[PDB]
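As provided, upload_27.cif (mmCIF, C-alpha atoms) reads as follows.
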```cif
data_input
loop_
_atom_site.label_atom_id
_atom_site.label_comp_id
_atom_site.auth_asym_id
_atom_site.auth_seq_id
_atom_site.Cartn_x
_atom_site.Cartn_y
_atom_site.Cartn_z
CA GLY A 5 -19.82 -106.97 175.83
CA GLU A 6 -17.33 -107.23 172.98
CA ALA A 7 -14.01 -106.42 174.57
CA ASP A 8 -12.25 -105.97 171.29
CA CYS A 9 -15.20 -104.64 169.30
CA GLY A 10 -14.77 -101.97 166.68
CA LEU A 11 -10.94 -102.21 166.36
CA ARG A 12 -10.15 -103.47 162.83
CA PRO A 13 -7.27 -106.04 162.38
CA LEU A 14 -5.98 -104.32 159.24
CA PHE A 15 -6.38 -100.68 160.38
CA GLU A 16 -6.67 -99.68 164.12
CA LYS A 17 -4.69 -102.66 165.38
CA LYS A 18 -1.82 -101.75 163.01
CA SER A 19 -2.25 -98.02 163.41
CA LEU A 20 -3.16 -97.60 159.73
CA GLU A 21 -6.02 -95.29 158.67
CA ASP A 22 -8.38 -96.02 155.80
CA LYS A 23 -8.75 -93.57 152.98
CA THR A 24 -11.73 -91.55 154.13
CA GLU A 25 -12.00 -91.94 157.89
CA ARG A 26 -10.43 -88.51 158.46
CA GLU A 27 -13.59 -87.01 156.83
CA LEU A 28 -15.62 -88.53 159.68
CA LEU A 29 -13.26 -87.32 162.41
CA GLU A 30 -13.06 -83.87 160.85
CA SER A 31 -16.86 -83.50 161.13
CA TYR A 32 -16.97 -84.21 164.86
CA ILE A 33 -16.73 -80.59 165.87
CA UNK B 2 -40.41 -97.47 150.98
CA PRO B 3 -38.29 -100.31 152.54
CA UNK B 4 -34.84 -100.64 150.89
CA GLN B 5 -33.60 -106.41 147.36
CA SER B 6 -36.49 -106.20 144.86
CA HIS B 7 -34.62 -106.66 141.53
CA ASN B 8 -32.55 -109.66 142.44
CA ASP B 9 -31.14 -111.62 139.48
CA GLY B 10 -28.82 -114.55 140.42
CA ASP B 11 -25.41 -113.90 138.86
CA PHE B 12 -23.78 -115.39 141.96
CA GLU B 13 -21.13 -118.17 141.99
CA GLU B 14 -22.49 -121.33 143.52
CA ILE B 15 -21.61 -121.73 147.09
CA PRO B 16 -20.40 -125.12 148.41
CA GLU B 17 -23.01 -127.81 148.36
CA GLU B 18 -23.06 -128.52 152.12
CA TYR B 19 -24.58 -125.11 152.92
CA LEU B 20 -27.80 -125.77 151.01
CA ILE C 1 -24.87 -97.39 147.54
CA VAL C 2 -25.25 -94.42 145.22
CA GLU C 3 -22.18 -92.26 144.62
CA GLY C 4 -19.97 -94.20 147.01
CA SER C 5 -16.59 -95.79 146.22
CA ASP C 6 -15.17 -99.30 146.45
CA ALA C 7 -14.37 -100.29 150.01
CA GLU C 8 -10.82 -101.19 151.04
CA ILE C 9 -10.11 -104.83 151.93
CA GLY C 10 -10.83 -105.27 155.69
CA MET C 11 -12.47 -101.79 155.92
CA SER C 12 -15.79 -103.08 157.38
CA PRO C 13 -15.03 -106.49 158.91
CA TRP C 14 -18.47 -106.51 160.62
CA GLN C 15 -20.37 -106.33 157.25
CA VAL C 16 -22.55 -109.40 156.68
CA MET C 17 -24.48 -110.48 153.55
CA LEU C 18 -27.90 -112.09 154.01
CA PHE C 19 -28.28 -114.68 151.33
CA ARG C 20 -31.24 -116.71 150.22
CA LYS C 21 -30.66 -120.41 149.57
CA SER C 22 -33.18 -120.93 146.75
CA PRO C 23 -33.08 -118.97 144.50
CA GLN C 24 -29.55 -117.95 145.57
CA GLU C 25 -29.91 -114.18 145.86
CA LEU C 26 -28.69 -111.35 148.05
CA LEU C 27 -31.47 -110.27 150.38
CA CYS C 28 -29.94 -107.55 152.57
CA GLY C 29 -26.83 -106.35 154.43
CA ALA C 30 -26.41 -107.09 158.16
CA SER C 31 -23.68 -106.63 160.81
CA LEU C 32 -21.69 -108.87 163.15
CA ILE C 33 -21.97 -107.71 166.79
CA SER C 34 -20.39 -110.82 168.50
CA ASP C 35 -19.17 -114.33 167.47
CA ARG C 36 -22.78 -115.59 167.29
CA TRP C 37 -25.19 -112.61 166.83
CA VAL C 38 -26.00 -110.72 163.63
CA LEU C 39 -28.09 -107.47 163.59
CA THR C 40 -30.25 -106.52 160.58
CA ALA C 41 -33.49 -104.66 159.71
CA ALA C 42 -36.72 -106.58 160.51
CA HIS C 43 -38.15 -105.87 157.05
CA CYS C 44 -35.34 -108.00 155.54
CA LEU C 45 -37.14 -110.94 157.16
CA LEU C 46 -40.81 -109.96 157.45
CA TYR C 47 -42.75 -107.57 155.21
CA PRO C 48 -46.28 -108.89 154.46
CA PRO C 49 -47.10 -106.17 151.78
CA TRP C 50 -44.49 -107.90 149.58
CA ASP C 51 -45.35 -111.35 150.93
CA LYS C 52 -41.95 -111.56 152.57
CA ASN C 53 -41.67 -113.78 155.67
CA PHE C 54 -38.43 -115.78 155.97
CA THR C 55 -37.74 -118.50 158.47
CA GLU C 56 -34.14 -119.29 159.56
CA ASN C 57 -34.06 -122.35 157.33
CA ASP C 58 -34.41 -120.13 154.24
CA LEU C 59 -31.32 -118.12 154.94
CA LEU C 60 -27.55 -118.09 155.12
CA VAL C 61 -25.30 -115.32 156.40
CA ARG C 62 -21.98 -114.86 154.56
CA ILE C 63 -19.32 -113.05 156.66
CA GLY C 64 -15.91 -111.62 155.57
CA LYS C 65 -16.90 -110.76 151.98
CA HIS C 66 -15.73 -108.11 149.63
CA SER C 67 -16.86 -109.24 146.12
CA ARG C 68 -20.66 -109.27 145.68
CA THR C 69 -20.94 -112.44 143.57
CA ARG C 70 -17.87 -114.60 144.05
CA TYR C 71 -17.64 -117.41 146.59
CA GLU C 72 -14.47 -116.02 148.35
CA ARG C 73 -12.77 -119.34 149.15
CA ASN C 74 -10.61 -119.31 152.27
CA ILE C 75 -11.80 -115.76 153.19
CA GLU C 76 -15.55 -115.73 153.73
CA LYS C 77 -17.42 -117.86 156.28
CA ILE C 78 -21.03 -119.03 155.67
CA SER C 79 -23.24 -119.79 158.67
CA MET C 80 -26.69 -121.13 159.11
CA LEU C 81 -29.10 -119.66 161.59
CA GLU C 82 -30.38 -121.10 164.76
CA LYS C 83 -33.09 -118.48 165.53
CA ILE C 84 -34.39 -115.11 164.35
CA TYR C 85 -35.82 -112.49 166.74
CA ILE C 86 -37.94 -109.64 165.28
CA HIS C 87 -38.75 -106.68 167.61
CA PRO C 88 -42.29 -107.50 168.99
CA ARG C 89 -43.45 -103.97 168.12
CA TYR C 90 -41.90 -103.69 164.65
CA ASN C 91 -44.49 -101.63 162.72
CA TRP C 92 -44.61 -102.95 159.19
CA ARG C 93 -48.17 -101.66 158.68
CA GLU C 94 -47.36 -97.97 158.65
CA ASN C 95 -43.81 -96.59 158.93
CA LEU C 96 -41.29 -99.41 159.67
CA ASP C 97 -40.99 -98.14 163.22
CA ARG C 98 -38.59 -100.31 165.30
CA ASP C 99 -37.20 -101.94 162.18
CA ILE C 100 -34.70 -104.29 163.92
CA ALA C 101 -34.05 -108.03 164.12
CA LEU C 102 -31.39 -110.22 165.73
CA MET C 103 -30.25 -113.54 164.19
CA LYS C 104 -28.42 -116.13 166.35
CA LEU C 105 -25.88 -118.24 164.42
CA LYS C 106 -25.82 -122.01 164.77
CA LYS C 107 -22.13 -121.99 165.77
CA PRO C 108 -19.64 -119.16 166.64
CA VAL C 109 -17.61 -117.72 163.77
CA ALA C 110 -13.91 -117.36 164.33
CA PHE C 111 -12.61 -113.85 163.82
CA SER C 112 -9.83 -113.03 161.36
CA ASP C 113 -8.48 -110.02 159.50
CA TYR C 114 -11.71 -109.85 157.44
CA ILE C 115 -14.23 -110.77 160.17
CA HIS C 116 -14.47 -108.73 163.41
CA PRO C 117 -17.51 -107.38 165.34
CA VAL C 118 -18.57 -103.74 165.58
CA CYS C 119 -19.42 -102.15 168.95
CA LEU C 120 -22.91 -101.19 170.04
CA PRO C 121 -23.27 -97.65 171.47
CA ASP C 122 -23.69 -96.80 175.12
CA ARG C 123 -25.76 -93.74 176.20
CA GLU C 124 -22.72 -91.48 176.32
CA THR C 125 -21.35 -92.46 172.86
CA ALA C 126 -24.82 -91.97 171.32
CA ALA C 127 -25.09 -88.60 173.08
CA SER C 128 -21.76 -87.27 171.87
CA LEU C 129 -21.92 -88.54 168.34
CA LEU C 130 -25.50 -88.53 167.10
CA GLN C 131 -25.51 -84.88 166.24
CA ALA C 132 -26.58 -83.11 163.02
CA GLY C 133 -23.66 -82.48 160.71
CA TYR C 134 -21.55 -85.32 162.22
CA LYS C 135 -20.77 -87.95 159.59
CA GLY C 136 -21.30 -91.67 159.68
CA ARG C 137 -20.45 -94.36 157.10
CA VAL C 138 -22.82 -96.68 155.27
CA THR C 139 -21.74 -99.87 153.43
CA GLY C 140 -23.45 -102.40 151.19
CA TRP C 141 -23.64 -104.36 147.87
CA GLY C 142 -26.91 -102.69 146.77
CA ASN C 143 -27.80 -100.73 143.72
CA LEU C 144 -25.61 -98.00 142.42
CA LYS C 145 -28.52 -96.12 140.85
CA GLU C 146 -32.19 -95.86 141.65
CA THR C 147 -33.11 -96.94 138.12
CA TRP C 148 -30.65 -99.60 136.97
CA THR C 149 -30.46 -102.24 139.68
CA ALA C 150 -31.37 -105.68 138.37
CA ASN C 151 -28.15 -107.65 138.59
CA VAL C 152 -25.39 -108.52 136.16
CA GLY C 153 -23.33 -105.40 136.26
CA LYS C 154 -25.88 -102.71 135.57
CA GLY C 155 -26.25 -100.60 138.64
CA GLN C 156 -25.02 -103.46 140.87
CA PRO C 157 -21.35 -103.13 142.14
CA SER C 158 -18.55 -105.77 141.88
CA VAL C 159 -17.34 -105.16 145.41
CA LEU C 160 -18.59 -103.64 148.67
CA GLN C 161 -19.25 -99.91 148.36
CA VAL C 162 -18.89 -97.31 151.09
CA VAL C 163 -20.21 -93.72 151.42
CA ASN C 164 -19.86 -91.21 154.35
CA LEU C 165 -23.02 -89.13 155.07
CA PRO C 166 -23.92 -86.35 157.58
CA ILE C 167 -26.70 -86.82 160.14
CA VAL C 168 -29.57 -84.38 159.37
CA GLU C 169 -31.61 -82.38 161.91
CA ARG C 170 -34.96 -83.99 162.84
CA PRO C 171 -37.07 -80.98 161.49
CA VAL C 172 -35.52 -81.31 158.04
CA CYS C 173 -36.05 -85.08 158.12
CA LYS C 174 -39.74 -84.71 159.06
CA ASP C 175 -40.39 -82.03 156.40
CA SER C 176 -38.94 -84.10 153.53
CA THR C 177 -41.52 -86.94 153.73
CA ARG C 178 -45.24 -87.59 154.33
CA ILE C 179 -44.34 -90.75 156.33
CA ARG C 180 -44.75 -90.30 160.07
CA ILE C 181 -41.20 -90.54 161.54
CA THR C 182 -40.57 -91.65 165.19
CA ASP C 183 -37.83 -91.34 167.83
CA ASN C 184 -36.59 -94.77 166.75
CA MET C 185 -35.38 -93.42 163.39
CA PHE C 186 -32.93 -90.81 162.20
CA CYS C 187 -32.14 -89.61 158.66
CA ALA C 188 -28.87 -88.80 156.93
CA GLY C 189 -27.63 -87.32 153.71
CA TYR C 190 -26.49 -84.17 152.07
CA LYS C 191 -28.93 -81.23 151.64
CA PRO C 192 -29.49 -79.98 147.99
CA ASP C 193 -27.30 -76.98 148.61
CA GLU C 194 -24.24 -78.97 149.86
CA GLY C 195 -22.84 -80.10 146.52
CA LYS C 196 -21.83 -83.64 147.69
CA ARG C 197 -24.29 -86.50 147.16
CA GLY C 198 -24.63 -90.14 148.25
CA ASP C 199 -27.22 -92.54 149.67
CA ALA C 200 -27.97 -96.16 150.39
CA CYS C 201 -30.39 -97.76 147.88
CA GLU C 202 -32.23 -101.02 147.13
CA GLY C 203 -30.25 -104.08 148.41
CA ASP C 204 -28.45 -102.01 151.13
CA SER C 205 -31.20 -102.61 153.78
CA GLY C 206 -30.14 -104.08 157.09
CA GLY C 207 -26.60 -102.80 156.65
CA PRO C 208 -24.66 -100.75 159.28
CA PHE C 209 -24.46 -96.96 159.65
CA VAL C 210 -21.25 -96.65 161.79
CA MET C 211 -19.28 -93.88 163.39
CA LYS C 212 -15.72 -93.87 164.78
CA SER C 213 -15.48 -92.53 168.33
CA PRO C 214 -12.82 -89.80 168.67
CA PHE C 215 -12.44 -90.76 172.37
CA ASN C 216 -11.40 -94.41 172.16
CA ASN C 217 -10.86 -94.99 168.40
CA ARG C 218 -13.49 -97.76 168.10
CA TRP C 219 -16.26 -98.05 165.50
CA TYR C 220 -19.82 -97.96 166.82
CA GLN C 221 -22.95 -98.98 164.91
CA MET C 222 -25.43 -96.08 165.28
CA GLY C 223 -28.04 -97.05 162.62
CA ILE C 224 -29.41 -99.82 160.35
CA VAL C 225 -30.36 -98.93 156.69
CA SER C 226 -34.13 -98.99 156.85
CA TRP C 227 -36.05 -96.94 154.21
CA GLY C 228 -36.00 -94.11 151.76
CA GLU C 229 -38.06 -92.67 148.86
CA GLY C 230 -35.91 -93.16 145.83
CA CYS C 231 -32.09 -93.13 146.15
CA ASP C 232 -30.06 -89.99 146.21
CA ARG C 233 -32.89 -87.65 145.23
CA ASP C 234 -32.43 -83.96 146.04
CA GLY C 235 -34.37 -82.93 149.10
CA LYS C 236 -34.88 -86.56 150.24
CA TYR C 237 -32.81 -88.42 152.93
CA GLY C 238 -32.17 -92.02 153.89
CA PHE C 239 -33.76 -93.22 157.16
CA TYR C 240 -32.06 -95.49 159.60
CA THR C 241 -33.18 -97.52 162.64
CA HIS C 242 -31.83 -95.76 165.81
CA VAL C 243 -29.80 -98.58 167.40
CA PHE C 244 -29.21 -97.03 170.82
CA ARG C 245 -32.97 -96.40 171.35
CA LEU C 246 -33.61 -100.13 170.90
CA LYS C 247 -30.53 -101.33 172.77
CA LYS C 248 -32.50 -102.54 175.79
CA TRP C 249 -34.39 -104.98 173.58
CA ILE C 250 -31.07 -106.18 172.06
CA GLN C 251 -29.60 -106.75 175.54
CA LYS C 252 -32.78 -108.55 176.65
CA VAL C 253 -32.65 -111.01 173.72
CA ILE C 254 -28.92 -111.81 174.06
CA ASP C 255 -29.18 -112.16 177.87
CA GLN C 256 -32.24 -114.42 177.59
CA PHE C 257 -31.07 -116.50 174.62
CA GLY C 258 -27.26 -116.88 174.65
#
```
Final structure tokens representation of the file:
Amino acid sequence: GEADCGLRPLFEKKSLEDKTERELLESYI
Amino acid sequence: XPXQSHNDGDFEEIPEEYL
Amino acid sequence: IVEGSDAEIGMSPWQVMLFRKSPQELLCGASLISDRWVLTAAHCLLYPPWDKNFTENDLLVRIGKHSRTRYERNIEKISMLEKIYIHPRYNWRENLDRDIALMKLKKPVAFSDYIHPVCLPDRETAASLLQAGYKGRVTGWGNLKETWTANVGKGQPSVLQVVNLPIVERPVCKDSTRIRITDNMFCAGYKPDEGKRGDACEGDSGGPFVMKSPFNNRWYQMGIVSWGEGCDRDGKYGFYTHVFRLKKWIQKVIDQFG
């Protein structure tokens, strides 16, 4: 299970992005 | 092959009760 | 991690350090998948060629860390292990096939800003995301250079390192090594022609390869750092345990043991 898994307290939960995660999302074409 | 091998020991001592 | 950069505070709250009690040394990375279960590579615990065979009483997991060597007072949590579970068909004799182990913690850890579990993929997330050219992220406190890791501050980092790497097509993975690769493994890295570089290296084993789903914004652990020939060598790639392909065993162990 893990209802809240994978959502980071200091990033997703605050709507802040880390410094290189856009590189990952930009490759998912 | 498999990924510690050269492990030194420059670590701060952890609290006594965990050993 | 070779050619990575320092991680941000709280960037990988699921990252776990496996730590030997005596001598006190870093053994491997690992990942937190719930309040009481840690996932790592089976060779971190059992590898008879190197006379490695750890019992739960030899080990500590340290959760919430950033600095490699400091005891991070009031931030990290240290837990002892209740039980270790190695995949019954882990193949340490030939190619580290099914390199996966679960470790059950003696007591639940409380989550915080620095400690939070990663998700495990479902068939549809694995299907959409484990595609050649899609990038994942690897983290660890291992060596910064193939030749240079020893400790101190040679090729060993002060804080957690991170690198983002593309998944490579299975043909290219098979043709870069003489080791027999299986469906329980995938490889990742940049090809010689791509200009960027980066790899996991000694001391990064057992650590997470994660991807962020574009559908629900959550981070999923797709791989476990398992093996490689050198670190960041042109024409060579890092190999990772395929977590979704062994997910039924994971579910079986947690359902049968707590």
So which residues get picked by the PyMOL selection byres ((chain A and resi 11) around 10) here, written as a list in words?
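Evaluating the PyMOL selection byres ((chain A and resi 11) around 10) on these coordinates yields residues 7, 8, 9, 10, 12, 13, 14, 15, 16, 17 and 18 of chain A; 13, 116, 117, 118, 119, 212, 216, 217, 218, 219 and 220 of chain C.
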Determine, counting all atoms listed in the file, which protein, DNA and RNA residues have an atom within 12 Å of an atom of residue 147 of chain C; residues of the same chain fewer than 3 positions away are not included. Present the result as a PyMOL selection string.
(chain B and resi 6-7) or (chain C and resi 2+143-144+150-151+154-156+201-202+230-233)
Selection file, C-alpha atoms, as an mmCIF file, in the frame of the given file:
```cif
data_model
loop_
_atom_site.group_PDB
_atom_site.id
_atom_site.type_symbol
_atom_site.label_atom_id
_atom_site.label_comp_id
_atom_site.auth_asym_id
_atom_site.auth_seq_id
_atom_site.Cartn_x
_atom_site.Cartn_y
_atom_site.Cartn_z
ATOM 1 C CA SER B 6 -36.490 -106.200 144.860
ATOM 2 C CA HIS B 7 -34.620 -106.660 141.530
ATOM 3 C CA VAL C 2 -25.250 -94.420 145.220
ATOM 4 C CA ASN C 143 -27.800 -100.730 143.720
ATOM 5 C CA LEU C 144 -25.610 -98.000 142.420
ATOM 6 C CA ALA C 150 -31.370 -105.680 138.370
ATOM 7 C CA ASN C 151 -28.150 -107.650 138.590
ATOM 8 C CA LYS C 154 -25.880 -102.710 135.570
ATOM 9 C CA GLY C 155 -26.250 -100.600 138.640
ATOM 10 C CA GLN C 156 -25.020 -103.460 140.870
ATOM 11 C CA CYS C 201 -30.390 -97.760 147.880
ATOM 12 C CA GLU C 202 -32.230 -101.020 147.130
ATOM 13 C CA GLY C 230 -35.910 -93.160 145.830
ATOM 14 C CA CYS C 231 -32.090 -93.130 146.150
ATOM 15 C CA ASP C 232 -30.060 -89.990 146.210
ATOM 16 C CA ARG C 233 -32.890 -87.650 145.230
#
```
Check what the PyMOL selection byres ((chain A and resi 19-29) around 10) selects in the file above and give those residues as a list in words.
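Checking the PyMOL selection byres ((chain A and resi 19-29) around 10) against this file, the residues are residues 12, 13, 14, 15, 16, 17, 18, 30, 31, 32 and 33 of chain A; 7, 8, 9, 10, 11, 134, 135, 136, 137, 162, 163, 164, 165, 166, 211, 212, 213 and 214 of chain C.
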List the residues matched by the PyMOL selection byres ((chain B and resi 18) around 12) in the displayed structure as a PyMOL selection string, ordered by chain and then by residue number.
(chain B and resi 14-17+19-20) or (chain C and resi 21+60+78-80)
Could the residues in this selection be saved with C-alpha atoms as a short mmCIF file (atom, residue, chain, number, x, y, z; two decimals), keeping the file's coordinate frame?
```
data_model
loop_
_atom_site.label_atom_id
_atom_site.label_comp_id
_atom_site.auth_asym_id
_atom_site.auth_seq_id
_atom_site.Cartn_x
_atom_site.Cartn_y
_atom_site.Cartn_z
CA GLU B 14 -22.49 -121.33 143.52
CA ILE B 15 -21.61 -121.73 147.09
CA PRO B 16 -20.40 -125.12 148.41
CA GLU B 17 -23.01 -127.81 148.36
CA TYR B 19 -24.58 -125.11 152.92
CA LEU B 20 -27.80 -125.77 151.01
CA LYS C 21 -30.66 -120.41 149.57
CA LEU C 60 -27.55 -118.09 155.12
CA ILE C 78 -21.03 -119.03 155.67
CA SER C 79 -23.24 -119.79 158.67
CA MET C 80 -26.69 -121.13 159.11
#
```
Report as CSV: every residue of chain C with an atom at most 8 Å from chain B, its closest pair of atoms, and their distance in Å to one decimal, counting only C-alpha atoms, with rows sorted by chain and ascending residue number.
```
residue,atom,partner,partner_atom,distance
C:21,CA,B:20,CA,6.2
C:23,CA,B:10,CA,7.4
C:24,CA,B:10,CA,6.2
C:25,CA,B:10,CA,5.6
C:26,CA,B:5,CA,7.0
C:27,CA,B:5,CA,5.3
C:28,CA,B:5,CA,6.5
C:43,CA,B:3,CA,7.2
C:60,CA,B:19,CA,7.9
C:68,CA,B:12,CA,7.8
C:69,CA,B:12,CA,4.4
C:70,CA,B:13,CA,5.3
C:71,CA,B:13,CA,5.8
C:78,CA,B:19,CA,7.6
C:79,CA,B:19,CA,7.9
C:80,CA,B:19,CA,7.7
C:96,CA,B:3,CA,7.8
C:142,CA,B:5,CA,7.7
C:149,CA,B:7,CA,6.3
C:150,CA,B:7,CA,4.6
C:151,CA,B:9,CA,5.0
C:152,CA,B:11,CA,6.0
C:201,CA,B:4,CA,6.1
C:202,CA,B:4,CA,4.6
C:203,CA,B:5,CA,4.2
C:204,CA,B:4,CA,6.5
C:205,CA,B:4,CA,5.0
C:225,CA,B:4,CA,7.5
C:226,CA,B:3,CA,6.1
C:227,CA,B:3,CA,4.4
C:228,CA,B:2,CA,5.6
C:229,CA,B:2,CA,5.7
```
Can you write just those residues out, C-alpha atoms, as a PDB file, in the frame of the given file?
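As a result, selection-v3.pdb now contains:
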```pdb
ATOM      1  CA  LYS C  21     -30.660-120.410 149.570  1.00  0.00           C
ATOM      2  CA  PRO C  23     -33.080-118.970 144.500  1.00  0.00           C
ATOM      3  CA  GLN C  24     -29.550-117.950 145.570  1.00  0.00           C
ATOM      4  CA  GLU C  25     -29.910-114.180 145.860  1.00  0.00           C
ATOM      5  CA  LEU C  26     -28.690-111.350 148.050  1.00  0.00           C
ATOM      6  CA  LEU C  27     -31.470-110.270 150.380  1.00  0.00           C
ATOM      7  CA  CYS C  28     -29.940-107.550 152.570  1.00  0.00           C
ATOM      8  CA  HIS C  43     -38.150-105.870 157.050  1.00  0.00           C
ATOM      9  CA  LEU C  60     -27.550-118.090 155.120  1.00  0.00           C
ATOM     10  CA  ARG C  68     -20.660-109.270 145.680  1.00  0.00           C
ATOM     11  CA  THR C  69     -20.940-112.440 143.570  1.00  0.00           C
ATOM     12  CA  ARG C  70     -17.870-114.600 144.050  1.00  0.00           C
ATOM     13  CA  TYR C  71     -17.640-117.410 146.590  1.00  0.00           C
ATOM     14  CA  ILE C  78     -21.030-119.030 155.670  1.00  0.00           C
ATOM     15  CA  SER C  79     -23.240-119.790 158.670  1.00  0.00           C
ATOM     16  CA  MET C  80     -26.690-121.130 159.110  1.00  0.00           C
ATOM     17  CA  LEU C  96     -41.290 -99.410 159.670  1.00  0.00           C
ATOM     18  CA  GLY C 142     -26.910-102.690 146.770  1.00  0.00           C
ATOM     19  CA  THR C 149     -30.460-102.240 139.680  1.00  0.00           C
ATOM     20  CA  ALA C 150     -31.370-105.680 138.370  1.00  0.00           C
ATOM     21  CA  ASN C 151     -28.150-107.650 138.590  1.00  0.00           C
ATOM     22  CA  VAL C 152     -25.390-108.520 136.160  1.00  0.00           C
ATOM     23  CA  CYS C 201     -30.390 -97.760 147.880  1.00  0.00           C
ATOM     24  CA  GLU C 202     -32.230-101.020 147.130  1.00  0.00           C
ATOM     25  CA  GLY C 203     -30.250-104.080 148.410  1.00  0.00           C
ATOM     26  CA  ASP C 204     -28.450-102.010 151.130  1.00  0.00           C
ATOM     27  CA  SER C 205     -31.200-102.610 153.780  1.00  0.00           C
ATOM     28  CA  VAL C 225     -30.360 -98.930 156.690  1.00  0.00           C
ATOM     29  CA  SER C 226     -34.130 -98.990 156.850  1.00  0.00           C
ATOM     30  CA  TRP C 227     -36.050 -96.940 154.210  1.00  0.00           C
ATOM     31  CA  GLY C 228     -36.000 -94.110 151.760  1.00  0.00           C
ATOM     32  CA  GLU C 229     -38.060 -92.670 148.860  1.00  0.00           C
TER      33      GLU C 229
END
```
State, in Å with one decimal place, the distance from atom CA of residue 176 of chain C to atom CA of residue 192 of chain C.
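Going from atom CA of residue 176 of chain C over to atom CA of residue 192 of chain C covers 11.7 Å.
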So how far away is atom CA of residue 126 of chain C from atom CA of residue 111 of chain C, in Å?
26.2 Å
Which residue out of C:184, C:221, C:131, C:67 has the minimum interatomic distance to residue 30 of chain C when only C-alpha atoms are used?
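Closest to residue 30 of chain C, using only C-alpha atoms: C:221.
Taking all atoms listed in the file into account, residue 113 of chain C lies nearest to C:12 out of the set C:182, C:95, C:12, C:139.
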Distance atom CA of residue 29 of chain C-atom CA of residue 48 of chain C, one decimal place?
19.6 Å
Looking at C:82, C:122, C:169, C:58, which one is nearest to chain A, with distances taken over only C-alpha atoms?
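Smallest separation from chain A among the options: C:122.
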